[PDB]
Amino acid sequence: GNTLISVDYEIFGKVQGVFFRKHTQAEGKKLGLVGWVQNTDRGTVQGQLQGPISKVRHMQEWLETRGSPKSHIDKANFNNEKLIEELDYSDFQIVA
């Protein structure tokens, strides 16, 4: 479609200390997405994605299967997937 969606994500495995945040931001920006990425307090990576639905879906697949080159992804959990009519962000940020 040419609709917009928002979705929350959390990635499990060898996902911290592998340049995951930098690569996620770069891929998000390449895909024209806004949102954020952050290392959690439980050894995972999380955030939200917003943008054109096909681009969000491409990013979801990237988060399931690839991530940063030295990452090892066991699972990507997605939640709160929804259609949106406006963006809630103006950039794709790494949240410290």
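We number the residues from 1 along the sequence you see.
- Two stretches are in play, 78-86 and 6-14, and the higher mean C-alpha B-factor belongs to 78-86.
- Sort the chain's modelled residues by C-alpha temperature factor and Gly32 lands in the middle third, per the entry.
- Among all modelled residues in this chain, the alpha-carbon of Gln46 has a temperature factor (C-alpha) in the lowest third.
- For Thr65, the recorded CA B-factor ranks within the highest third of the chain. Only modelled residues enter the ranking.
- In the PDB entry, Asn39 places in the lowest third of its chain by CA B-factor.
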